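Just so you know, all these numbers are worked out from the coordinates, no wet-lab data involved. Cβ placement follows ideal geometry from the backbone for every residue including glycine, while neighbour counts extend to all protein chains displayed.
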Amino acid sequence: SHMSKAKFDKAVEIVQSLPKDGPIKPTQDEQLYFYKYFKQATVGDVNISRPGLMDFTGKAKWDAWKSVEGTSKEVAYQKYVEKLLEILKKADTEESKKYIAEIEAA
Ligand SMILES: [Zn+2]
């Protein structure tokens, strides 16, 4: 399905806005999911070599990004936005409902 860059950009702003400790909190796996589609949506296909074995954080991010090689920016937009909507719906607070509404109106 069609997803606009504008809705992606709003989703990114929201994701970046979330505190590490809060009622709306992506899991570790969900943050990797956001990461991989964020890179794929903006940079496109992974364009660097895998970090060294002892760069635990860096190599986990790289692996995620590499795993979506070949995905179009538009699918990346869609997957990113949809993951945030999933998370907001699961959080199910008046705050999360407001975020859903902002994405819808973007
Ligand atoms: Zn489209």
(request) State which residue pairs qualify: first residue more than 16 Å from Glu82 (Cβ to Cβ) and without any contact (Cβ under 8 Å) to a residue 12 or more places away in the chain and inside the stretch 1-23, second residue in a loop (DSSP other than H, G, I, E, B) and away from the ligand (no atom under 16 Å from the Cβ) in any location, beta carbons under 9 Å apart, and separation of 6 or more residues or different chains. (result) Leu18/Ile24; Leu18/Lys25; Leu18/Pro26; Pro19/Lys25
(request) Report, by residue number, each residue of the stretch 1-25 that is assigned to a loop (DSSP other than H, G, I, E, B), crowded, with 16+ Cβ neighbours inside 10 Å and away from the ligand (no atom under 16 Å from the Cβ). (result) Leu18, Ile24
(request) Taking only the stretch 26-43 into account, find how many residues are surrounded by 11 or more Cβ atoms within 10 Å (Cβ to Cβ) and acidic (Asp, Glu). (result) 1
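Give the residue that is nearest to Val12 (Cα to Cα), with candidates limited to residues of the stretch 68-96 that are surrounded by fewer than 14 Cβ atoms within 10 Å (Cβ to Cβ) and touching a residue at least 24 places away in the same chain (Cβ under 8 Å).
Residue satisfying both the conditions and the ranking: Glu95.
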